[PDB]
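Novice: I'd like to ask some things about the structure below.
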Amino acid sequence: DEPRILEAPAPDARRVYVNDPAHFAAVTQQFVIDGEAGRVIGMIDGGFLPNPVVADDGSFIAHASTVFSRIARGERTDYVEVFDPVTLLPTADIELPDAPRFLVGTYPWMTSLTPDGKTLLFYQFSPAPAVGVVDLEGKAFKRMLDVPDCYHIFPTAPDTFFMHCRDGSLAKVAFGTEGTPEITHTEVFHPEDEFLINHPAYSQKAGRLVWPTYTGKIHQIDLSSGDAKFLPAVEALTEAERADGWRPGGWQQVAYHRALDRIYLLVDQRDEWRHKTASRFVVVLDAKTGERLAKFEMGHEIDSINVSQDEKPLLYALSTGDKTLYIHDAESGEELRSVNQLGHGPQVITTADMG
Amino acid sequence: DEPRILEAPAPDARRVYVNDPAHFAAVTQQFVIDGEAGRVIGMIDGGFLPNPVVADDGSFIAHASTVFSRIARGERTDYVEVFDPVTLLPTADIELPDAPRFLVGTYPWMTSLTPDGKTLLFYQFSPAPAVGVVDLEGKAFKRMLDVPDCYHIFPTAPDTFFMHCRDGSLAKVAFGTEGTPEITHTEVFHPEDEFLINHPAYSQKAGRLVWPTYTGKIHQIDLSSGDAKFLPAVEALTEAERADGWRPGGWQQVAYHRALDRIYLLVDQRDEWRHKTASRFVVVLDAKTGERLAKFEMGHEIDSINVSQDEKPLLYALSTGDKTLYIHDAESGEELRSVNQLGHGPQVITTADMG
Amino acid sequence: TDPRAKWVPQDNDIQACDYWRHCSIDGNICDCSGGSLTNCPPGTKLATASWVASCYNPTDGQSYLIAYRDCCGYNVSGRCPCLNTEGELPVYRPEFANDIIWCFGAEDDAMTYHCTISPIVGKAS
Amino acid sequence: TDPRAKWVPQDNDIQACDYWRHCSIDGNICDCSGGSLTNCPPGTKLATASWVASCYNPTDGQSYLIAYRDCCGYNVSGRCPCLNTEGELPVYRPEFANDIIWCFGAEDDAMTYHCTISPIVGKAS
């Protein structure tokens, strides 16, 4: 009987990552799960409010994280770590001097990868807004880019990203390895009375940004041309439904399946200011036409959803209160398996678009 | 409203400290509680399996702790931190060279203060048993003392402490005649087949060590002469109870009240190898005669007990599973108040003997 | 109970999540870890920045401006957790956003989250 | 259920705390975090040290010596926690004591506890 250290199975379309911010604790965990078997295949430790990213091609996973010399006080160190996806060992540990990370409840698009997988960008909120550039290939922090009062980072190319500005426009940021970035704005695409959620879905391979409002109105922006093309807005809930109190609600409220061009949105009946509460239903709609394809009753209080990007996708439904990931068939909405004991307050689901 | 930072009330006999080792998590917490009010008055953060100490005079509190540079891996630093008991700010942070701490589920007598409050001693188990000497007054580690195959540390003076050896004897270690300690052994006080628990009670002020075995037999050793005097063993449970399956069980299974000269033992009916499960009863006995004073029905699954050292004490009963500290009248056994939400797996209660 | 139902404030238990002043708190109530309704627990560091909300006081039927400041430099208390979002807006309207760790301005550059206080800063209407 | 009752082993579910080989485990079962009954999960470090116990196998009627080695270098998994103490002795008889973190010998000087494996090292007789 010969003990050894195992290696995880190769990354595939069914692998799913669940991050546990642990209700703001100083140390957190990430669970790597095989969605097919419904088994935990590995884990990764992280510091305070880390931002995870996963290469779409499955070549690596990484996170931007923060540790302190004395648990939660003392010297602060912000850093990025890159990990091999099969051995789970770190392959790089890159310090980010001068504590530049934005510490906030986890929003996936506050730290992002360029399409080539060579650069990691992250948002700084204070002393002033900026976006830090990390060269993963050279293993080094390059520099901070000064930007206007804008938020989130959606990379469209090795040297370009979009941000959403307070004024309602998108800012196109072209950086260009030395200098001062060229910053361009689109038209304002939403009024001041439409509130865009903190967790839009973005498919980098498709260049599609899906962004819902507190009411379920869905703005779609196509970035595939290197420029923003605004698509026709779509209402996820009908007028009668809204009159009946239906509203989206949750943490990762929306998911987007690229190959099927389909949108998944968490909804339920709730007061207007209860937007972060869990939801028990999921509506499915055709992204081209706004047509409703299904409404599933999830049967549990779900805070976040995401989907596998394969041909017959899985629908992941994470419950923060139950600390369990429920795996469903995305076509029928039927519950297939469940993985429990996921930490203290799991909230974020990440999957790769390997296709 | 003019916000500011509060100071804790001055330390008193009713203050009680609860440590949460959190089931071996990399970071832990200590709760400072006012036992009279049943209110949390402060907290302290710690690392991996830290050891807490509290000066009996209430002048300071301290702990030996361990942190790593990347949460749970990377470079290890073992250190001692001393805190002011009213502001809870650290007043000293002393690094222990070479990561010497013993990492084990928390045993209070594995790190101890000398009676004068100037020296902290801690145990090292591997590569070989040793005791480290920390000068709290000068803020520096002094040195390691080699010791035989002995465990636990019971200080009797500024330069002397006892340990319990694998052979069944106690060893007396006199140091501070630099170079090498003077080590003397007592005679063997228990047979190889009588197992002494990991959590004896020791009152430094009275010089009394109360040490139960797995069956509830209690050895008492008087160290007040500065040398060990053995007392005849007392049985905490009657032959009938023993025949009926009663045995001690839990974590901090025994408590000793100095001024009243009473022993409190957690017991319940259990199989012989379920010695670490919670217990629902507490037997109280006179230390002089071995006579039973009471048997309390706790009404909850209790893992650890301790008592305040004042003249009309409180009996503290901590449940790891409920994460709750129940506070009882030590005389009647009656439940007065409780304090819940005490971390993830709280297990150790500490009180100061201020009288 | 029904988490999705409209929030209903009360003015009798400060440690409960429905206490009137906690209408847009995200975190843990400081009163539960050694602080008070408006002061930080010992050993923590008081932030200067905050997110705000207008919370209705059932007792007098008025609304007040609450400035949620965090007490920082300690790991999360884990006691009396609560998440309410009355009037809470997205991150791009930060002054009203509650996922952000409002620790800016705390001494020693403390930035870890321990608990949040609910001081009144003025009237609302 | 009755935590205090005599422990009864089973040979059908390795993730259960009554699995036969877990008779003196203290911590978490590695199979629940990507390891297996006798191997550590990816990313962790395997110790060479262990505490041992003789566990009875109901399926074959014999007892075997189980060497509880820890997988170290990661925070505790938090899944499948168990604490059994068959034949467990106090700390002064370390070979059989299970509160000690048995991480010595792991690579990189890893000493934090993640989970424990339950390999058989010999027959007990």
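To be explicit about the labels: the chains of the structure tokens are called A, B, and onward in the order shown, and within each one the residues are counted from 1, while ligands get numbers from 1 in the order they are shown.
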Using only C-alpha atoms, I'd like every residue of chain A that has an atom within 10 Å of chain C; please write them out as a VMD selection string.

Specialist: chain A and resid 22 to 27 48 to 49 66 to 68 70 to 76 102 to 107 125 to 127 149 to 152 164 to 168 195 to 199 213 to 214 249 268 to 279

Novice: Just list the residues in range 105-344 of chain A DSSP gives strand (DSSP E or B) on the backbone, as a ChimeraX atom specification.

Specialist: /A:111-113,119-124,130-135,140-146,150-157,160-165,170-174,182-185,196,201-203,208-213,217-222,229-230,234-235,246-248,254-257,262-269,279-286,292-302,304-307,314-319,324-329,335-339

Novice: Any idea what's packed within 9 Å of range 219-223 of chain A, counting only C-alpha atoms, ignoring anything in its chain fewer than 6 positions away? Could you give it as a PyMOL selection string?

Specialist: chain A and resi 156+162+189-190+196+204+206-213+229-235+287

Novice: What lies within 12 Å of residue 39 in chain D using only C-alpha atoms, ignoring chain neighbours under 4 positions off, as a ChimeraX atom specification?

Specialist: /A:1-7 /D:29-35,43-47,68-71,115-120

Novice: Write out as a ChimeraX atom specification each polymer residue whose atoms come within 12 Å of residue 122 in chain C, counting only C-alpha atoms; drop sequence neighbours fewer than 4 positions from it.

Specialist: /B:1 /C:52-55,62-67

Novice: For residue 322 in chain B, work out the shell of residues within 10 Å, counting only C-alpha atoms and skipping chain neighbours fewer than 3 positions away, then give it as a PyMOL selection string.

Specialist: chain B and resi 300-302+318-319+325+340-346

Novice: Superposition of chain C onto chain D by least squares over all sequentially paired C-alpha atoms; the transformed chain is requested as a PDB file with C-alpha atoms, in the first residue's frame.

Specialist:
ATOM      1  CA  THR C   1     -25.558   8.607  16.448  1.00  0.00           C
ATOM      2  CA  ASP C   2     -24.901   8.358  20.181  1.00  0.00           C
ATOM      3  CA  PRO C   3     -21.413   9.650  19.971  1.00  0.00           C
ATOM      4  CA  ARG C   4     -20.557   7.960  23.226  1.00  0.00           C
ATOM      5  CA  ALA C   5     -21.437   4.496  22.067  1.00  0.00           C
ATOM      6  CA  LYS C   6     -18.850   1.974  21.054  1.00  0.00           C
ATOM      7  CA  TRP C   7     -17.539   2.506  17.586  1.00  0.00           C
ATOM      8  CA  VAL C   8     -18.926   0.101  14.930  1.00  0.00           C
ATOM      9  CA  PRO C   9     -16.958  -0.129  11.693  1.00  0.00           C
ATOM     10  CA  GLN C  10     -18.382  -0.607   8.187  1.00  0.00           C
ATOM     11  CA  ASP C  11     -16.709  -1.505   4.903  1.00  0.00           C
ATOM     12  CA  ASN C  12     -18.842   0.230   2.362  1.00  0.00           C
ATOM     13  CA  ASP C  13     -18.504   3.981   2.411  1.00  0.00           C
ATOM     14  CA  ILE C  14     -14.992   5.384   2.589  1.00  0.00           C
ATOM     15  CA  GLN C  15     -16.218   8.911   3.074  1.00  0.00           C
ATOM     16  CA  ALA C  16     -18.109   8.101   6.280  1.00  0.00           C
ATOM     17  CA  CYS C  17     -16.533   8.418   9.713  1.00  0.00           C
ATOM     18  CA  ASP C  18     -17.404   4.860  10.612  1.00  0.00           C
ATOM     19  CA  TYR C  19     -15.409   3.411   7.685  1.00  0.00           C
ATOM     20  CA  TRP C  20     -13.248   0.634   9.210  1.00  0.00           C
ATOM     21  CA  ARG C  21      -9.896   2.201   8.375  1.00  0.00           C
ATOM     22  CA  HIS C  22     -10.642   5.532  10.071  1.00  0.00           C
ATOM     23  CA  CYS C  23     -10.634   4.070  13.591  1.00  0.00           C
ATOM     24  CA  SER C  24      -8.235   6.645  14.929  1.00  0.00           C
ATOM     25  CA  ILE C  25      -8.337   9.454  12.392  1.00  0.00           C
ATOM     26  CA  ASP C  26      -8.545  13.036  13.636  1.00  0.00           C
ATOM     27  CA  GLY C  27      -9.277  15.588  10.964  1.00  0.00           C
ATOM     28  CA  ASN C  28     -10.738  15.243   7.485  1.00  0.00           C
ATOM     29  CA  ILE C  29     -10.853  12.320   5.055  1.00  0.00           C
ATOM     30  CA  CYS C  30      -8.673  13.092   2.051  1.00  0.00           C
ATOM     31  CA  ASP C  31     -10.934  11.254  -0.351  1.00  0.00           C
ATOM     32  CA  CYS C  32     -13.308  14.154   0.110  1.00  0.00           C
ATOM     33  CA  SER C  33     -10.986  16.826  -1.196  1.00  0.00           C
ATOM     34  CA  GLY C  34      -9.372  15.337  -4.258  1.00  0.00           C
ATOM     35  CA  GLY C  35      -7.167  12.739  -2.636  1.00  0.00           C
ATOM     36  CA  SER C  36      -8.022   9.089  -2.183  1.00  0.00           C
ATOM     37  CA  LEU C  37      -8.159   6.619   0.641  1.00  0.00           C
ATOM     38  CA  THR C  38      -4.373   6.340   0.520  1.00  0.00           C
ATOM     39  CA  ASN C  39      -3.142   9.287  -1.530  1.00  0.00           C
ATOM     40  CA  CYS C  40      -2.897  13.058  -0.988  1.00  0.00           C
ATOM     41  CA  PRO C  41      -4.823  15.596  -3.028  1.00  0.00           C
ATOM     42  CA  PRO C  42      -3.009  17.546  -5.659  1.00  0.00           C
ATOM     43  CA  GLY C  43      -0.933  20.475  -4.446  1.00  0.00           C
ATOM     44  CA  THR C  44      -0.506  19.105  -0.913  1.00  0.00           C
ATOM     45  CA  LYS C  45       2.655  17.621   0.639  1.00  0.00           C
ATOM     46  CA  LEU C  46       2.773  14.071   2.015  1.00  0.00           C
ATOM     47  CA  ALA C  47       4.136  13.642   5.507  1.00  0.00           C
ATOM     48  CA  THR C  48       6.412  10.755   6.425  1.00  0.00           C
ATOM     49  CA  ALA C  49       5.680  10.502  10.139  1.00  0.00           C
ATOM     50  CA  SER C  50       2.379   9.347  11.518  1.00  0.00           C
ATOM     51  CA  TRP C  51       0.367   8.066  14.447  1.00  0.00           C
ATOM     52  CA  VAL C  52      -0.890   4.537  14.178  1.00  0.00           C
ATOM     53  CA  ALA C  53      -3.778   2.390  15.283  1.00  0.00           C
ATOM     54  CA  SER C  54      -4.956  -1.190  14.856  1.00  0.00           C
ATOM     55  CA  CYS C  55      -8.322  -1.134  13.178  1.00  0.00           C
ATOM     56  CA  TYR C  56     -10.631  -4.103  12.834  1.00  0.00           C
ATOM     57  CA  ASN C  57     -11.789  -4.940   9.312  1.00  0.00           C
ATOM     58  CA  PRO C  58     -15.310  -6.285   9.531  1.00  0.00           C
ATOM     59  CA  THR C  59     -15.106  -7.791   6.091  1.00  0.00           C
ATOM     60  CA  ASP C  60     -12.425 -10.303   6.879  1.00  0.00           C
ATOM     61  CA  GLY C  61     -12.503 -10.203  10.667  1.00  0.00           C
ATOM     62  CA  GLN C  62      -8.836  -9.164  10.881  1.00  0.00           C
ATOM     63  CA  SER C  63      -7.071  -6.130  12.326  1.00  0.00           C
ATOM     64  CA  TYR C  64      -4.619  -4.062  10.336  1.00  0.00           C
ATOM     65  CA  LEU C  65      -2.070  -1.441  11.247  1.00  0.00           C
ATOM     66  CA  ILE C  66      -3.090   1.939   9.809  1.00  0.00           C
ATOM     67  CA  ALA C  67      -0.479   4.673   9.678  1.00  0.00           C
ATOM     68  CA  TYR C  68      -2.214   7.981   9.645  1.00  0.00           C
ATOM     69  CA  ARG C  69      -0.122  10.344   7.592  1.00  0.00           C
ATOM     70  CA  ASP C  70      -1.240  13.899   7.001  1.00  0.00           C
ATOM     71  CA  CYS C  71      -1.351  15.752   3.703  1.00  0.00           C
ATOM     72  CA  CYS C  72      -0.059  19.218   4.518  1.00  0.00           C
ATOM     73  CA  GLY C  73       0.669  22.661   3.196  1.00  0.00           C
ATOM     74  CA  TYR C  74      -2.978  23.660   2.762  1.00  0.00           C
ATOM     75  CA  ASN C  75      -5.700  24.983   4.990  1.00  0.00           C
ATOM     76  CA  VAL C  76      -8.079  22.358   6.449  1.00  0.00           C
ATOM     77  CA  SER C  77     -10.418  20.962   3.754  1.00  0.00           C
ATOM     78  CA  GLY C  78     -13.499  21.306   5.876  1.00  0.00           C
ATOM     79  CA  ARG C  79     -15.078  18.330   4.114  1.00  0.00           C
ATOM     80  CA  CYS C  80     -15.791  14.960   5.790  1.00  0.00           C
ATOM     81  CA  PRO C  81     -14.527  15.797   9.236  1.00  0.00           C
ATOM     82  CA  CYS C  82     -14.143  12.875  11.684  1.00  0.00           C
ATOM     83  CA  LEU C  83     -12.590  12.187  15.094  1.00  0.00           C
ATOM     84  CA  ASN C  84     -12.258   8.607  16.279  1.00  0.00           C
ATOM     85  CA  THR C  85      -9.913   7.390  18.949  1.00  0.00           C
ATOM     86  CA  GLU C  86      -9.709   3.599  19.006  1.00  0.00           C
ATOM     87  CA  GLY C  87      -6.687   2.782  21.141  1.00  0.00           C
ATOM     88  CA  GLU C  88      -5.643   6.441  21.210  1.00  0.00           C
ATOM     89  CA  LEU C  89      -3.236   7.343  24.022  1.00  0.00           C
ATOM     90  CA  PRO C  90      -2.118  10.594  25.615  1.00  0.00           C
ATOM     91  CA  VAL C  91       0.467  12.873  24.142  1.00  0.00           C
ATOM     92  CA  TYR C  92       3.274  11.257  26.149  1.00  0.00           C
ATOM     93  CA  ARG C  93       2.814   8.082  24.040  1.00  0.00           C
ATOM     94  CA  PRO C  94       2.995  10.062  20.841  1.00  0.00           C
ATOM     95  CA  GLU C  95       3.107   7.211  18.409  1.00  0.00           C
ATOM     96  CA  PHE C  96      -0.485   6.518  19.337  1.00  0.00           C
ATOM     97  CA  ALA C  97      -1.655  10.149  19.875  1.00  0.00           C
ATOM     98  CA  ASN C  98      -3.995  11.871  17.415  1.00  0.00           C
ATOM     99  CA  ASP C  99      -4.149  15.569  18.304  1.00  0.00           C
ATOM    100  CA  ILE C 100      -0.606  16.002  17.019  1.00  0.00           C
ATOM    101  CA  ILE C 101      -0.300  17.395  13.460  1.00  0.00           C
ATOM    102  CA  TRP C 102       1.506  14.478  11.770  1.00  0.00           C
ATOM    103  CA  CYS C 103       3.176  16.560   9.044  1.00  0.00           C
ATOM    104  CA  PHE C 104       6.831  15.885   9.854  1.00  0.00           C
ATOM    105  CA  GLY C 105       8.866  14.937   6.810  1.00  0.00           C
ATOM    106  CA  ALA C 106       6.598  16.692   4.294  1.00  0.00           C
ATOM    107  CA  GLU C 107       8.334  18.498   1.468  1.00  0.00           C
ATOM    108  CA  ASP C 108       8.899  22.219   1.676  1.00  0.00           C
ATOM    109  CA  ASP C 109       8.564  21.890   5.410  1.00  0.00           C
ATOM    110  CA  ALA C 110       4.787  22.005   5.045  1.00  0.00           C
ATOM    111  CA  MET C 111       3.140  21.905   8.472  1.00  0.00           C
ATOM    112  CA  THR C 112      -0.425  23.069   8.044  1.00  0.00           C
ATOM    113  CA  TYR C 113      -3.126  20.435   8.159  1.00  0.00           C
ATOM    114  CA  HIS C 114      -5.316  19.634   5.115  1.00  0.00           C
ATOM    115  CA  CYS C 115      -6.549  16.084   5.502  1.00  0.00           C
ATOM    116  CA  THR C 116      -5.385  12.603   6.588  1.00  0.00           C
ATOM    117  CA  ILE C 117      -4.961   9.389   4.626  1.00  0.00           C
ATOM    118  CA  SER C 118      -5.543   5.834   5.951  1.00  0.00           C
ATOM    119  CA  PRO C 119      -2.953   3.514   4.379  1.00  0.00           C
ATOM    120  CA  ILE C 120      -2.487  -0.054   5.662  1.00  0.00           C
ATOM    121  CA  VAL C 121       1.052  -0.763   6.763  1.00  0.00           C
ATOM    122  CA  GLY C 122       0.728  -4.324   8.056  1.00  0.00           C
ATOM    123  CA  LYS C 123      -1.284  -6.748  10.101  1.00  0.00           C
ATOM    124  CA  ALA C 124      -2.283  -6.550  13.738  1.00  0.00           C
ATOM    125  CA  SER C 125      -3.062  -9.124  16.419  1.00  0.00           C
TER     126      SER C 125
END

Novice: Provide the CA of residue 259 in chain B to CA of residue 309 in chain B distance in Å, to one decimal place.

Specialist: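 CA of residue 259 in chain B sits 7.1 Å away from CA of residue 309 in chain B.
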
Novice: Using DSSP assignments from the backbone, pull out every residue in chain C that falls under helix (DSSP H, G or I) and give it to me as number ranges by chain.

Specialist: C: 20-22, 30-33, 94-96, 107-109
